[PDB]
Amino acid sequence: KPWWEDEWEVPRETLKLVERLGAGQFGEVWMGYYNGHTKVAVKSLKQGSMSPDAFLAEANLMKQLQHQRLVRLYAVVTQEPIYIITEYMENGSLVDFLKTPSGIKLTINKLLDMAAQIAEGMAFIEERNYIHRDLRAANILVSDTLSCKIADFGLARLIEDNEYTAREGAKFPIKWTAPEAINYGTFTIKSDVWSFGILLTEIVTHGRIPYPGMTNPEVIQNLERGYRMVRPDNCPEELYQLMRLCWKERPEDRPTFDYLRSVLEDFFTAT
């Protein structure tokens, strides 16, 4: 649909960039206001750093993935500089939040609460036949009411035939990414389920890097022996055995996200 008919297209005048939250190779992320009053986040594409089509493809995918537990597309500005405008999350990234004075005070109960919110969001993506491919606490955003939403759909894909295969020269964080995806470039909703397992260690350890003390190839060697991540400090055994389910050798043996959600809601109301 063309910009002059696109319901998501907004005039650049409607936007006011106030505070810069982040800067990178491909652009910036700002806190701003839309029409004066509505706090928004504005993702800024650095002219030349990457194709506008590639940049905008994320927005188009978000048009299709609307849910309360997913960070919502607000608008676009499709003339340079290109903007993707989104729902603003006041407490920022989960990995950061968990380290603040407030994050630090969270009881294990509230931790399992958030973990369930994240699983509920992924359960939506699962039913829509999408995958995320970058599921990790840095890509979970937290709201002013200590609410969690999925974000960063740059790598997300619609899955026609069960499986997305990437180029054999493509790279992924080895600690968050399922063996089959690292090894064969084959991604599935069950690959996200594996990432979810890792994300759980990040929650219970308040944002610590997974596999304490291990390099990437040590992590690969161990997994192949049949070992999984060592029990994190202060991790309920129930939660750890749930991470274990997420890390099963065969993708199809890994639980669904709806299952993971129901289980986490039980742990939550038990504590």
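Numbers follow the displayed sequence, beginning with 1. Rigid core: the largest C-alpha set superposing within 1.5 Å between the two forms.
Each structure in 9 other deposited structures of this protein is fitted to the shown form on the rigid core, and of 20-28 and 259-267 the C-alphas lie farther away on average for 20-28.
Root mean square Cα distance to the shown form, taken over structures and residues in 9 other deposited structures of this protein after a core fit, is higher for 160-168 when 160-168 and 113-121 are compared. Look at the C-alpha B-factors of 258-266 and of 20-28. On average they run higher in 20-28. Set 171-179 against 155-163 and average the Cα temperature factors; 155-163 ends up higher. Per the deposited record, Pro52 carries the highest C-alpha B-factor of all listed residues (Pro52, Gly36, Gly226, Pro217). Each of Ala41, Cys246, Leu61, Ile203 has a CA temperature factor in the record; the biggest one is found at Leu61.
Per-chain ranking of the deposited C-alpha B factor places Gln241 in the lowest third. Per the PDB record, residue ranking by Cα B-factor puts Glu120 in the lowest third of the chain. Sort the modelled residues of the chain by CA B factor and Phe196 lands in the lowest third.
When all modelled residues of the chain are sorted by CA temperature factor, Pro81 is found within the highest third. The PDB entry assigns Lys110 a C-alpha temperature factor belonging to the lowest third of its chain's modelled residues.
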